[PDB]
Amino acid sequence: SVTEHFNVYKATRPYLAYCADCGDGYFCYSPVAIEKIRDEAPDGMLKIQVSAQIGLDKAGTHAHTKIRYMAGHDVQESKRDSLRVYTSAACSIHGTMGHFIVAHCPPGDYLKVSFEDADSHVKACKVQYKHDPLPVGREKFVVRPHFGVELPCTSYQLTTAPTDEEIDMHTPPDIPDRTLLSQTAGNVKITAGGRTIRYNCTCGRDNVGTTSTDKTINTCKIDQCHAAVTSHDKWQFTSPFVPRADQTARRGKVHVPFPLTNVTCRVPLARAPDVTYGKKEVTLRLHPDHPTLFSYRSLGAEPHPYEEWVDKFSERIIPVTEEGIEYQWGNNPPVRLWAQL
Amino acid sequence: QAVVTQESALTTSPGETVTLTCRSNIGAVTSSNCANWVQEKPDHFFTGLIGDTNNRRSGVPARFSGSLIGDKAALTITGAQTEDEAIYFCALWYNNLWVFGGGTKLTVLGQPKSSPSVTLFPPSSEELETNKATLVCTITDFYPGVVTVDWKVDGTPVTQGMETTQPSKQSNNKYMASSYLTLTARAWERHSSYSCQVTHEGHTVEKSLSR
Amino acid sequence: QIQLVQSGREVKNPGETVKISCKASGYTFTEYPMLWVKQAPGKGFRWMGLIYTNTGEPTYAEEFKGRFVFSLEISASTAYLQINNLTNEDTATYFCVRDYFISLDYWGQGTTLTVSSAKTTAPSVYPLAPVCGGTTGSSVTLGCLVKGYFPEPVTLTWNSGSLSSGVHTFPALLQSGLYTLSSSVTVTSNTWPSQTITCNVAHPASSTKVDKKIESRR
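The rules behind each value
- Chain by chain, residues are numbered from 1 following the written sequence, and this numbering need not agree with the entry; no residue without coordinates is displayed.
- Chain labels run from A onward and ligand labels from 1 onward, assigned in the order the entries are written.
- Just a portion of a larger assembly is displayed, and each value is taken over that portion.
- Hydrogens are left out, water is left out, and the side-chain values use all remaining heavy atoms of the structure.
- Residues with missing side-chain atoms are left out of burial classes, side-chain pairs and their counts.
- A run of H or I in DSSP counts as a helix once it spans at least four residues, and a run of E counts as a strand once it spans at least two, with each numbered from the N terminus.
- Atoms counted for the radius of gyration: C-alpha only. Globule rule: 2.2 Å times residue count to the power 0.38.
- Residues count as neighbours in contact if any of their non-hydrogen atoms are within 4.5 Å of one another.
- Whether two strands pair depends on DSSP finding at least two bridges between them.
- The axes are straight lines fitted to the C-alpha atoms, using for helices just the contacting stretch, and the angles between their N-to-C directions are given from 0 to 180°.
- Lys, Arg, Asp and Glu make up the charged group, whereas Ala, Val, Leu, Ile, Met, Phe, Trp, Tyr, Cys and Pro make up the nonpolar group; the residues left over, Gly among them, are polar.

In the PDB archive, cryo-EM is given as the structure determination method for this entry, at a resolution of 6.33 Å.

Chain C has the name Fab CHK-265 heavy chain in the PDB entry, where Homo sapiens is given as its organism. Its PDB record names the entry "Human mAbs broadly protect against infection of arthritiogenic alphaviruses by recognizing conserved elements of the MXR8 receptor binding domain".

By the naming in the PDB entry, chain B is Fab CHK-265 light chain, taken from Homo sapiens.

When its secondary structure is counted, chain B shows 1 helix and 19 strands. Taking 17 Å as the expected radius of gyration for a compact globule of 211 residues, we find that chain B reaches 23 Å, considerably beyond that expectation. Counting only C-alpha atoms and orienting by the principal axes, one finds that chain B spans roughly 70 × 30 × 25 Å. Sequence separation of at least 24 residues holds for 56% of the intrachain contacts in chain B that already meet a minimum separation of 6.

All names here are of chain B. One open sheet holds the 3 strands; their spatial order is β15-β18-β19, and the pairing between them is antiparallel. The open sheet has two free edges, formed respectively by β15 (148–151) and β19 (203–208), since each of these has just one partner strand. Strand-to-strand twist across the sheet, computed as the mean angle between neighbouring axes with direction ignored, equals 10 degrees. When β15 meets strand β18 (residues 195–200), the two strands line up antiparallel, connected through 4 bridges. Its bridge partner lying in β18, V149 is registered against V198.

Another aspect to go through is the sheet that holds strand β22 (residues 210–212) of chain C. By way of backbone hydrogen bonds, the strands of a sheet pair with one another, either parallel or antiparallel. Residue and element names in this part refer to chain C. Strand order in the open sheet formed by 3 strands is β17-β21-β22, and the pairing between neighbours is antiparallel. Every other strand in the sheet has two partners, leaving β17 (155–157) and β22 as the edge strands with one partner each. Direction aside, the axes of adjacent strands within the sheet are offset by 15 degrees on average.

Now for the interface of chain C and chain B. Buried accessible area, meaning the area lost when the parts come together, often serves as the stated size of an interface. Taken residue by residue, the interface counts 6 residues in chain C and 7 residues in chain B. Each residue belonging to the side of chain C that touches chain B can be placed in one class, and the counts come to 4 nonpolar, no polar and 2 charged.

Taken residue by residue, a regular strand's side chains alternate between the two faces of the sheet. Residue and element names in this part refer to chain C. Alignment of strand β15 (residues 124–128) against strand β16 (residues 140–149), held across 5 bridges, turns out to be antiparallel. Counterpart to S124 in the pairing with β16 is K147. The pairing of β16 with strand β20 (residues 178–187) spans 8 bridges and is classified as antiparallel. Residue pairing for β20: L145 is matched across the bridge by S182.

This is how it looks when you write it as structure tokens:
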């Protein structure tokens, strides 16, 4: 179900997760959960994985404005821009597929999915989101548009193949719905419909009810009944923090969007400071730039590297030996100064 | 491959003797090569009776024996059915397992069908909320089912709007099937005297609508 | 006869593989082989080899190497040809045979495999009944039209599946990469309309099905 992605979108009807602090600290099934993080990239590539169809239509055609919500208040198709991704900055997108979304974003302390699928504007099911660049290159700027360099990096290739890996779920979601059972006075009404019941026997094992079909209990309410939401139509892939009623499972699997592969890197390693050769030495005054790993390398010598990330004007006095200093400092190539009389 | 060659067209009569010919295209038969012919039931359900030059059929008419005829599987079958139209398969099983040649498909007389029994109405309003219209005009059990279908809503058959579904035959020669007039919803309101005018075997089925 | 419960009509996944079983029941035929038939497209039963009952031994023809598997799950009487090598130039019938009357004698089922690309829409069934003006004879022709099956399957039951004495049907036929037909039968004067002689359409692989009852527009 990745040749059309909607086969994998239809195998996994999404449900709410352990949304522990959506408001201040209000905790329940959160409708836009935080399932996994997919950020092993040197392409500045976050990926969020959660339990809604953010990248899967109802029939499964990837509607832009259809991002699929899924709850016991059921599967629906909420907005395409109204999915909140808040990393403490704007959740910039690179793409999205089903229960995943790959993106670039300058990081923070908390990622926060914001549930807004026409039942709300936002709801901030958040997570302690570490995200920091550690960028490539000698130079220290993250500005892609200037033309000064091209290094190698690895970024999330945004092609819509089926999978390289595949996450999945079974032992199915006996799930967060216990207010179904209709009121009998000392009995109960099995109010059947909408989903599968997952009942339990206290006075009568007809209180043990699976159904979208209703029944009767006599002499047993809560306290002598049992009711939970035990239905199907969802392969629930990564449900942590709300355990399934199954300790014994048979899962189904689906692939991983945005597979990380090799790319370039437009890195802006600009010109360094000014180098006057002196009476036995030489000296380059580095100006300010983006924070650049300067390396004055006595290349052949005892390699005390005049090397550090730099952000001010510094004074790289390379007293040049016969072995010759290498000013290869911050996003340029080297320079092999040989001392002379 | 192999060729146990006989008449791969087979034309029978009422109670008709399916003489499933297969003389050996290489030459002469044997029971180690298994020159056999067993008659084949509907939906391409070959069930081998006249087995390998040694057997008759289990529960079939008793006149059927796929045996040595010519230098191949000559299958003499006297006393066939009225609607037993199916593939009398000439199997050659060369001391390991049965591989097929062609097998003579046999279709006979006895019990010819009628005109196509008319189910021809513009169907319920589920398509008319989509801005569509698919009226169902068809026959049931037409025989000899050589169907001429003029499919044009608004009365006159034009090459669009019409549609033919699968007109499918049974074992007993009953072959009537459906089709539609497939146009718009307000376009299905634009014309109401549409249909599918069908005719097979001298019997003509009127698919006419009302809207 | 040790009769076949055939693997279904299946659209082909590309490069794919499975053990397409003709469940060869009627006994535990464990000392009994069969011809594991490939329903060739023109040729009919051009079987690419045979199965065994307990040995499971697939005798192999000269063409089924590559996309062929021999599968013999004969513990409850199952034989089968494995559809390996999913490609669009193979898709035909798949049958069995048990080896009684010592060549292949218990002629199996035959299930329609179709190697191909298909739709992302399965069939849908619609109720087409007697009209809001009349349409009323001794035979009142209705049913459900089950169309658009990309990929397979499609199956249409009459009377909601119960009152189905002869609901004449078109199977999945070609339209836009979707298998399409209609399963429609007559009700009597007392077959409908208050007695719900309803056309039910189904697509089990693509899961596109609905039962549309004995209720017309009048």
